[PDB]
Amino acid sequence: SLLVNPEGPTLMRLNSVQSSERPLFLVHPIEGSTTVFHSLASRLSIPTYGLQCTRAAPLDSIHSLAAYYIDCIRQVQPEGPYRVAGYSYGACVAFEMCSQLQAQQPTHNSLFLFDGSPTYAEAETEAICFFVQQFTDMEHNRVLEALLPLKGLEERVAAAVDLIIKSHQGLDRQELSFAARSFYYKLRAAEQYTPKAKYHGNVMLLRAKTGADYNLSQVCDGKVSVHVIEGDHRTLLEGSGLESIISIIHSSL
Ligand SMILES: *C(=O)[C@@H](CCCCCC)[C@@H](O)C[C@H](CCCCCCCCCCC)OC(=O)[C@H](CC(C)C)NC=O
């Protein structure tokens with residue numbers, strides 16, 4: 001679930017709704033999968049797609065990822081306006097996709113940010129090291145002893161996969177390897193991302209209960225509506241948070 005098939009499809013149907021209504025396109029969080037969206041997708045009365053981060057995705061920058069996701073999206077719906085959402089890391093990518101579409105043009109795209117905005121050797125190790133800790137129970141200092149002395153990113157990814165496998169032999173090595181590696185690149189991409197223009201279109205922030213607009217005022221002119229959703233950073237897309245999100249999506253559209 002914190003893993004994606006690195007040879008899987010980038011664009012995927014999260015529901016099978018058959019309708020002439022414009023699809024909702026949903027951008028993965030940092031983990032890269034669309035698993036988080038399953039409940040939302042199963043409850044929407046609109047065709048919904050998920051974008052997952054695979055080996056095809058250019059993770060050199062948010063710019064390149066956004067342009068690639070736009071490319072995928074066009075194979076389903078050639079022309080905008082588009083209905084795009086992003087959850088947490090995905091909010092930043094969704095923003096850049098809409099910024100790029102705006103630049104390509106008076107645009108009427110719909111943008112929903114689910115608890116995220118244009119956020120966020122040693123940094124390399126702390127990234128892979130944090131990665132290992134999410135897959136194992138291994139104490140911080142023992143992971144850091146295996147990784148810090150190593151001499152590049154690829155040596156650390158390989159050691160990370162080894163350490164995770166020792167704890168969980170049934171995880172695919174190719175998936176673990178892609179996930180460790182891409183995680184570093186996703187962080188790097190984010191760290192180097194700088195919106196180059198104010199977004200004019202309308203943005204809706206849906207931030208979890210547990211500034212107010214996540215600094216969307218410095219990057220966007222148009223009606224930034226902020227709704228607060230019951231739950232924490234994870235649970236706003238399940239249960240009571242979810243049901244309220246669907247209602248807000250259903251009336252905005
Ligand atoms: C959204 O997806 C984020 C953001 C949460 C806060 C909302 C503000 C937008 C969420 O997944 C949190 C987290 C971010 C990773 C932080 C650790 C970075 C390490 C610092 C080193 C940087 C040096 C380059 O995601 C996670 O904690 C885990 C994701 C990975 C892929 C396992 N989730 C674990 O369950």
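Starting from the 7 Å offset along Cα-to-Cβ, what nm value, one decimal, do you get for the label separation of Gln100 and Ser167?
According to this spin-label approximation, the distance is 3.4 nm.
Figure the gain on full extension for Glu154 and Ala121 (residue separation times 0.36 nm, minus the Cα-Cα span) and round it to one decimal in nm. Intermediate results must be reported in sequence, preceding the final value.
Working: separation 33, 0.36 × 33 = 11.88 nm, distance 1.14 nm.
Using 0.36 nm per residue and subtracting the Cα-Cα distance, I get 10.7 nm.
How many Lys pairs in the chain lie less than 27 angstrom apart by Cα atoms, where the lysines are 8 or more positions apart or on different chains?
9
Can you list the equivalent-ellipsoid semi-axes of the chain, largest first and in whole Å, using the square root of 5 times each Cα gyration tensor eigenvalue?
Value: 32, 19, 18 Å, ordered largest first.
Looking at the stretch 120-192, what % of the alpha carbon pairs are farther apart than 16 Å?
Values: 1072 of 2628 pairs.
Roughly 41 percent, once rounded to a whole number.
Only helical DSSP H runs with n ≥ 4 go in: add -39500 (n - 2.57) per run for the chain, normalise by residue count and round the 222 nm mean residue ellipticity to 500 deg cm²/dmol. Mind dumping the intermediate values first?
Working: 8 runs with 104 residues, N = 253.
The helix contribution divided over the chain gives -13000 deg cm²/dmol.
Every residue, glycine as well, gets a Cβ built from its backbone with ideal geometry; the counts of neighbours run over all protein chains shown. Since every read-out is calculated from the coordinates, none of them should be taken as a lab result.
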